[PDB]
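Atom set for the values below is all heavy atoms of this structure, side chains included, hydrogens, waters and symmetry mates excluded. Labels below follow one simple rule: chain letters A, B, ... track the order of the sequence lines, proteins then strands, and each chain is numbered from 1.
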Amino acid sequence: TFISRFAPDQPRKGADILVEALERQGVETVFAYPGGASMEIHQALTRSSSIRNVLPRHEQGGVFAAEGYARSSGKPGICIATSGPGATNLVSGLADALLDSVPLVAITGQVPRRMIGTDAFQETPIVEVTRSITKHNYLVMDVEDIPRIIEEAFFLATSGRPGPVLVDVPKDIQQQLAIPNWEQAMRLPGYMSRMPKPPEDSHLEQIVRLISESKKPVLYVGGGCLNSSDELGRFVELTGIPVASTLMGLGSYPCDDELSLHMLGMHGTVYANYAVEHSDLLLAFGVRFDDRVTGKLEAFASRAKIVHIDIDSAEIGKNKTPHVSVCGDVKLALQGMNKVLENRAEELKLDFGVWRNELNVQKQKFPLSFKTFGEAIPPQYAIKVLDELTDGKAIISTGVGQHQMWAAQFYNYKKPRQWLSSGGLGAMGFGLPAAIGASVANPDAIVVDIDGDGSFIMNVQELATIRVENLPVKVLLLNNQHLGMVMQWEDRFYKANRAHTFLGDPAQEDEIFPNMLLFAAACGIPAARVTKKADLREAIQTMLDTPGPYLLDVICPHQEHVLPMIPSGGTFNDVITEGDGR
Amino acid sequence: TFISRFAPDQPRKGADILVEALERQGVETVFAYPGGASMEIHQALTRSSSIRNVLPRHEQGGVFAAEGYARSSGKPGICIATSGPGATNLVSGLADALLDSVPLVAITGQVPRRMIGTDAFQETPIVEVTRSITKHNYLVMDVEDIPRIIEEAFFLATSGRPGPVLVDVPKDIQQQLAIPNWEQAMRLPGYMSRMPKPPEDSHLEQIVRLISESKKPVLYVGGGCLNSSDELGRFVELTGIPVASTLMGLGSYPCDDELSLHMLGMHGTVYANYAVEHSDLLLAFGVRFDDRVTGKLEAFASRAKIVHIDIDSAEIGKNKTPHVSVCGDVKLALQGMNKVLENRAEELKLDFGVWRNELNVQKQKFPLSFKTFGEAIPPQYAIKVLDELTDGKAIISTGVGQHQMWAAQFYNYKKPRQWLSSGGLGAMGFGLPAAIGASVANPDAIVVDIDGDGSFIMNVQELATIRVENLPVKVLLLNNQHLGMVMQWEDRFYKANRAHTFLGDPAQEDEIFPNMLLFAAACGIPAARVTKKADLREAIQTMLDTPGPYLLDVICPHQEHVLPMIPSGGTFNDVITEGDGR
Amino acid sequence: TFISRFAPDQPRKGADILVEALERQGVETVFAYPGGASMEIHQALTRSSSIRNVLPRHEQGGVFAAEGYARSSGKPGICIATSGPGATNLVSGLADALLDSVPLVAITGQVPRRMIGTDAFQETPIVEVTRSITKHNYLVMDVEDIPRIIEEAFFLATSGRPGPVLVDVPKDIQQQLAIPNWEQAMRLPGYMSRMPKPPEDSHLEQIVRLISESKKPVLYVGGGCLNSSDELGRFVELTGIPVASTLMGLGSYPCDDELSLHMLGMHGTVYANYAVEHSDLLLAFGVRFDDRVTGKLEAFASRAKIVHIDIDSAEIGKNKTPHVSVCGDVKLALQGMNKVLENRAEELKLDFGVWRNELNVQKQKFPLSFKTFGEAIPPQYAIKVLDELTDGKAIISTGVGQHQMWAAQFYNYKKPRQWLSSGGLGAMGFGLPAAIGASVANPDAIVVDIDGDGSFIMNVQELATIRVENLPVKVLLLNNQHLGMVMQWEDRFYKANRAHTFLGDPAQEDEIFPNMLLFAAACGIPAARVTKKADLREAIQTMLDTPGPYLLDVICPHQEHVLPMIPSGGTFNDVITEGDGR
Ligand SMILES: Cc1cc2nc3c(=O)[nH]c(=O)nc-3n(C[C@H](O)[C@H](O)[C@H](O)COP(=O)(O)OP(=O)(O)OC[C@H]3O[C@@H](n4cnc5c(N)ncnc54)[C@H](O)[C@@H]3O)c2cc1C
Ligand SMILES: Cc1cc2nc3c(=O)[nH]c(=O)nc-3n(C[C@H](O)[C@H](O)[C@H](O)COP(=O)(O)OP(=O)(O)OC[C@H]3O[C@@H](n4cnc5c(N)ncnc54)[C@H](O)[C@@H]3O)c2cc1C
Ligand SMILES: Cc1cc2nc3c(=O)[nH]c(=O)nc-3n(C[C@H](O)[C@H](O)[C@H](O)COP(=O)(O)OP(=O)(O)OC[C@H]3O[C@@H](n4cnc5c(N)ncnc54)[C@H](O)[C@@H]3O)c2cc1C
Ligand SMILES: CCOC(=O)c1ccccc1S(=O)(=O)NC(=O)Nc1nc(Cl)cc(OC)n1
Ligand SMILES: CCOC(=O)c1ccccc1S(=O)(=O)NC(=O)Nc1nc(Cl)cc(OC)n1
Ligand SMILES: CCOC(=O)c1ccccc1S(=O)(=O)NC(=O)Nc1nc(Cl)cc(OC)n1
Ligand SMILES: [Mg+2]
Ligand SMILES: [Mg+2]
Ligand SMILES: [Mg+2]
């Protein structure tokens, strides 16, 4: 089926064997920045007609773009870098992908084998450095291993709990001629042996039993449900259980649906954390009970039976001890529980209307809210407008901080993989590059990077990439001249004592600095600034209608605070519902 | 002598103990970007009146600035970052500092101790990740250890062979109240035990003997001589031996002096590599025989007695086996050899005029040269002009690539620490941030970042830093729209087959892209472009005269090639002396 | 040339491929104790007709026997063990072989691959455990790798600086059928690249020059000269330089020769340490300047030019900085220096008679001495008698402690590999097993284990091995009822306060306990006890004449002290020349 560009008996460079190894894996896009140790790989890349390369302006842009690509498509993201500084520049991306469980294959050039360990030119013990921040990694020591290693890398990166896999390739192996063997078996006996088997009916039916025996059930959905959109939907319309979601799970279940309790956790809705606090049955599907959503563990879902379904046994019971657990693919568990629920439909007759009502009053008394001052633009409102004008069908990437929380709170995602945000590591500068990858993976979609002025400037060089690759990336920059989140904490716990959180110029405290519009201009990207809430709707519409890339700089009053808020290690009873920096 | 801000019996936060620990070390400048896990440290920083913080726009800008600071002053550079993404963003800087042996202390915030290893919010096993790319590192586990650890970190970072030391501080330890003990002893028994002792006369006199017995002696000076400017000078005026230098040693001995053979190595002068090739005595002081300068080891200084003086025993004999070696401070070895040379002056009567003549003819027949096409600006010439207008007294930082080699070749450094360039790791994006640190460390100096368009855009966000800190950083951008060095190799070994090396826009192949002038404008930094060689001198003069920061975009024809050139693993007989991409 | 037992196209078990891999390496003897995880290997072993297995009674006996085998033959020693407890029981042997640089290949069975890391039955992460105590190690993950790994293991174990290499083989790979490829190349690019090249005449002639310019030269020979017996001899008869030896070098140069200064170091002769203390030229060939022989480094050979020739660059300059060094095979360096010395014979005319005389008076005034009390047997005398009756042609293995020092001091070894003793690690219980290996490697030699009662009982179970394998192992047990060496230190530095150093029975303080004769009897080995010095000569003669194994229990007064003695970190001026525990 796969047509090679070489004769089955024709020897060729390891670099060419590596590129074909990617083509055979179905790879169509890579993000690679050339360097001396990876030149061969780049040369082989130009001979490929099926793989396109998006040249970033910084290796970190490369990884983050690859992540965006992966996060928005469900396919693995592929980035390639040269040795030494090239490789070390990938680090934050690798750690980011590992914490959020993003399938990713990173390939780095390395000095020739004989040179390894000699403090060679541009050498870095990248395999040693990344071991604790990758799912697995490799140092290829023989051109004969390329086919197997690449196959194993993708298998490991995409199977079980997804994660990044780095493959280090010495320059001498890239140049070595050889005849590849695409028939070799993978050496993952231990891993393949531990791969979860399909869920058992005994386990699944025990859950359905618990559901029928509960009066206050709550679904706690996370990133693990990103491929169970339909199954989860069907499950909810069969149990009528309210859905609470993590920052990573947004979109698994439509935030606009009436059964949606939206996001729970530190900056989750009062009613979502309420539901969990008083539930008697917690259906934790595809979540890792992070400190961000649980607060004080002992207090989290204290009065309820916890059912935990995770593909990673290491997660089941790590922070919370379930009353029931299923180690396996939540997608299969749902399909299984669904058949059962459809059959015992009449026999069960599930009705949680009373519970839902208790929550609806909570949703009515404590809804997400924002204040509008004069004609100043409220970031929450800006996002709300973007949602409306895009009919909530846009792919949203973001930086980290207040804008991130607002992008999560005030936009209703219809489907998963519409939300691209760094959650576990929370790396700034992720938004723009992620949007680049998302756009390449989704050419006909509306891709909007809702960034912060601090996060946006970190990888601002990628604007050049966007222009050159002619990608329709829209940038909704919520400019507040500060490091919003750190500032909020300064206000709440440090008597507003500012400590290097102002991003503007102290000499002209009133001038917007820097002028992000000129950054766009430098890369030939049309831009505009908006300061009055009245002109907001038209500015955003313009951004959307103007073909190609576009940067809308939205000025906002910095004293805004993200609410509600449960301080770290807190309880639902410590939730802060009001206040700002005014 | 040191005045604390706390009573000797008054308990205070570990964060405050850490900041005072820095003040007691004489620290006056740090480069810190605030984050949740390091907020306490930042708060304590604002209470200090002796330490100023330069807030970068990216953690990588922070480290590189700290390096620039260190490299231009001889003091350790200090950068601080928050946990997780903050910390991982330091990686390239740490590896860079380790490879070039730059004293540096990096402090990173970390999640609370009890949270370590739990996959906590913004947690990264930074100590595990950086172990192979730092001189040493620490994870503080008790507020009581702060004083000792900080003292050890600086001692280790600055003593022996300088290098980076990272100190990870849990958030709970930053908030813990305690009374510091500044009297605690350091626990470096093994390290302090292995510290080289002052050179022995027996060893030193054996060297002077070799010098008197040689007919073709050559000095091979490197980064280890950065603090031996005077001693080396005196040594040369007592032996009249020609000085060849590494990229790291530039300036140890004035490149303008007649005894100077300039840089040796891959892109070294023909006469420098000549001198070494035919020498009978190689005085390797403060060098590590890198593959970049030796080429094929067996062929390097094949016909001569090698004397190697290094402060790191691990280096002596690593790639080349000396006939004589001295493990110790080259500064002391020189002072020692100098006294001997002054005494046995008449008894010795050293005369290498015949050898120097053989080299002068070589210097005359094969000098550094560049070609001028029409009115196009030759980068070499631009640098040559900068040298003249600044009287060669400027601090020059650079990116990595062709411009770096030209900045090395066509500028005559009078003193060491005038040249700030990433040599071992060769990390792009180093130039602008390094200039920032150099300027802060040298407020009254002319600081010029000779950057490449590829390297410059990587950390372009630091332009914001430059403006806000009101630093007189001048940027001489040699814009060639390409990744010059990779392109040169494509021309020489890949039939000019371009593989993602063009940095401009393919849709407007003739328009300079991006418009670096607008990047400067965005950060309120005056800029100008120059395209005609005739207008070059006035443009540079303007850049220098215009008070404050300034960006001069210098357009150059990309087909330029760095020469001469000895291909990797080559011999002096493989040196390429002509050709380009036209 | 090599005749397989399988058809070149016939598939067979990995176990059989491993055994053939050994046969192809020339292996004729292995020391293997069967276990569940290694059963396949043992089964394949019985099908071999060229490899004999010596079944020890304890895995530690296995390794030590393999060491003895290696140490007495110059061939690598091979031991095989099962997984878990089998493997961990090898540890002391591996560390011992690494510290003394003994070529050794250890093969351990391991649980099936899929079971690794699951806390399986008899599983131990042996590769992780032994990484810091082996030259290198492997975990075979594919039956296809066996041929290459075994070849690499032996190459690494025997090349450069010899050392142990452990190969872990999963049980499933032992049973997997396959067709071996004995043509595969080794993947040791880096290692083979760093292998020392033959010495250069420039370096060698510089040494001969130093020799001619010296008045007080001293040879400091170590374990690295074990294969340079002839070359060293020739070198000495051409320079007439006195030879001092380490505990590891004994026999490289005959201790009986008049030019021999015998052993230097802590328990070295007064004249040997004298020679070094006052020498002006130290020829350190095949030594690692251990703390045992140097004492206080600063004081060691303080007034002299040090020439160091080592095959391990990591050793040159580790503790002492030479004035000259040669990284390479001392055997070749000597052959080179010899040709030079033979030619410039007349031109040089070397005469160190005056120096030798200064030393001969020292050898006359401070010779090795022992005191004889009544009819009590002096251990020194016993060894002296053994030497005479065996004409100093016996292979002597020993335990660790006082008897070891006496075996070193009072026996004159004619050739290297006659002395088998644990020097760097100093592991007790080494003597008996080492003798077993030495005897198998030298069937027609006189093999005597000069053991201590403490060391002897540790691996006393090997007596069973000796009987069953019908090996002519003679055991000269110097029984003193104590842990001699620890006792000596108690006397000198702890006012003779005994702390668990008495090995006899406190209830019958005067009865020799245990009765080692009955241990021999239990294993059908003829034995006898001797208490009167007058009956000593006849007892030893009997031991030697009685065909087969024999144990002579020699009772000695425990208050004996090893002299002379330079306390740790001491100087030649701190040497203790008299005293005991009476
Ligand atoms: C400024 C900031 C504020 C934050 N505030 C909040 C907040 O208030 N609320 C909040 O929720 N988060 C918040 N976070 C995000 C937070 O750090 C965590 O990233 C997030 O809570 C993790 O959610 P998760 O466990 O659902 O998803 P993941 O971390 O993606 O974990 C998914 C889990 O699902 C398992 N799984 C994967 N695939 C499958 C499958 N097919 N079948 C079954 N199981 C599977 C995994 O192995 C894993 O255990 C914040 C982050 C930042 C940067
Ligand atoms: C694009 C590119 C091209 C390059 N081309 C060249 C080229 O053509 N020529 C070239 O020279 N380099 C070149 N390099 C730089 C090169 O990679 C190495 O960084 C450089 O050769 C190292 O020189 P060094 O050994 O002298 O200095 P360092 O790497 O700084 O090493 C200094 C050494 O001195 C020792 N030492 C330190 N302090 C003391 C003291 N007080 N007393 C005694 N010893 C001390 C150290 O421990 C160490 O061994 C290039 C780099 C790049 C990025
Ligand atoms: C109770 C006790 C007391 C001791 N007392 C003493 C004492 O008083 N005096 C004493 O000497 N020792 C003593 N030791 C032994 C001591 O611990 C060291 O094992 C010994 O000094 C090491 O000597 P070495 O360096 O010569 O040999 P090794 O440790 O075998 O080192 C040999 C060296 O030679 C190099 N080399 C190897 N092969 C070659 C080759 N072909 N060409 C060139 N170089 C090569 C190696 O790589 C290495 O650096 C004692 C030990 C014990 C247990
Ligand atoms: C930068 C990558 O370097 C290496 O892989 C490398 C490292 C040490 C020794 C030899 C090589 S090499 O000879 O296999 N390759 C190179 O040296 N390549 C190389 N490419 C570019 Cl573009 C520039 C350069 O040196 C300045 N060198
Ligand atoms: C980001 C640093 O985080 C931590 O140190 C951390 C990690 C896991 C659990 C508790 C904490 S903590 O309670 O000691 N501190 C915080 O959680 N700090 C914090 N600071 C900001 Cl500015 C934002 C935030 O959460 C969104 N959290
Ligand atoms: C002791 C070695 O054990 C193993 O290799 C082992 C470990 C875990 C699971 C399966 C095996 S196994 O099935 O490949 N082999 C055995 O279990 N062998 C085995 N051999 C013996 Cl003589 C006894 C025994 O179990 C009591 N088991
Ligand atoms: Mg902001
Ligand atoms: Mg360029
Ligand atoms: Mg004893």
Can A:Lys171 and A:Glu40 be counted as an ion pair, charged N to O under 4.0 angstrom?
no
Closer than 4.0 angstrom, basic N to acidic O: yes or no for A:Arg498 and A:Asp491?
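A salt bridge links A:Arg498 with A:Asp491.
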Chain A heavy atoms under 4.5 Å from [X]: which part of the residue, side chain, backbone, both or neither?
X	result
B:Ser132	both
B:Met115	side chain
B:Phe430	neither
B:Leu483	side chain
B:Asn497	both
B:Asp290	side chain
B:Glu469	neither
B:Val460	side chain
B:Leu425	both
B:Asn53	side chain

